[PDB]
Amino acid sequence: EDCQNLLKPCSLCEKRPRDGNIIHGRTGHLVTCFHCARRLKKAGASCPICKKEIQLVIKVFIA
Amino acid sequence: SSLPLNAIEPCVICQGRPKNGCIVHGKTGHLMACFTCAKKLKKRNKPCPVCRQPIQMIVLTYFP
Ligand SMILES: [Zn+2]
Ligand SMILES: [Zn+2]
Ligand SMILES: [Zn+2]
Ligand SMILES: [Zn+2]
């Protein structure tokens, strides 16, 4: 059920898909586009959800 | 502005759980299987069923 959140636009820019996975260890939060997630990591921001160090930003494609 | 309708479909492998097992290769990820099923694909040393590139890691993904 989470799951329908992925049909919403990016929570930041509100005009791109949620295709930017924010990875920290073996978990990830997918609530932003790739663009916005990249910007957050560049800014040294932590994950907007769990406040963990962003180790990696991945562009996600659904299949 | 939005992901495909596929996103709300369950794991293609087991059809019983959400697509929360992200398959990581480089700076991209394919999201099509649950965590449990995606872990089996990596264990069995199988490539990504979508792009056939090697599976670097599986990330349990939340959407929040
Ligand atoms: Zn965005
Ligand atoms: Zn997080
Ligand atoms: Zn599954
Ligand atoms: Zn792939």
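Everything discussed here concerns the structure shown above.
Residues numbered from 1 in each chain as written, not as in the entry; some residues may be left out. Chains lettered and ligands numbered in written order. Heavy atoms only, no water.

### Quick look at the coordination of the zinc ion (ligand 4)
Residues and elements named next belong to chain B. Protein-derived ligands of the zinc ion (ligand 4) are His-25 (NE2), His-30 (ND1), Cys-48 (SG) and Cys-51 (SG), with the metal-ligand distances lying across 2.1 to 2.4 Å. As a motif over one chain, the donors of the zinc ion (ligand 4) read H-x4-H-x17-C-x2-C. You can see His-25 sitting in strand β1 (residues 21–25) and its partner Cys-51 sitting in the loop between α1 (35–43) and β3 (57–62), a full 26 residues away along the chain. (Donors = N, O, S within 2.8 Å, 3.2 Å for Na, K, Ca; no water. Helix = DSSP H or I, 4+ residues; strand = E, 2+ residues; numbered from the N terminus.)

### Considering the sheet that holds strand β1 (residues 20–24) of chain A
The mixed closed barrel is built from six strands, whose spatial order is β1(A)-β2(A)-β3(B)-β1(B)-β2(B)-β3(A). The mean inter-strand angle of the sheet, taken between neighbouring strand axes irrespective of direction, is 40°. Where β1(A) meets strand β2 (residues 27–32) of chain A, four bridges bridge the pair, whose relative direction is antiparallel. Residue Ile23(A) lies in a different strand from β2(A), and its bridge partner there is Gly28(A). Relative to strand β3 (residues 56–62) of chain A, helix α1 (residues 34–42) of chain A is tilted by about 170°, and along the sheet it contacts β1, β2 and β3 of chain A. Where α1(B) meets the sheet, it contacts β1, β2 (28–33) and β3 of chain B, and its direction lies at approximately 170° from that of β3(B). (Pairing = 2+ DSSP bridges. Axes fitted to C-alpha atoms, helices over the stretch in contact; angles between N-to-C directions. Contact = heavy atoms within 4.5 Å.)

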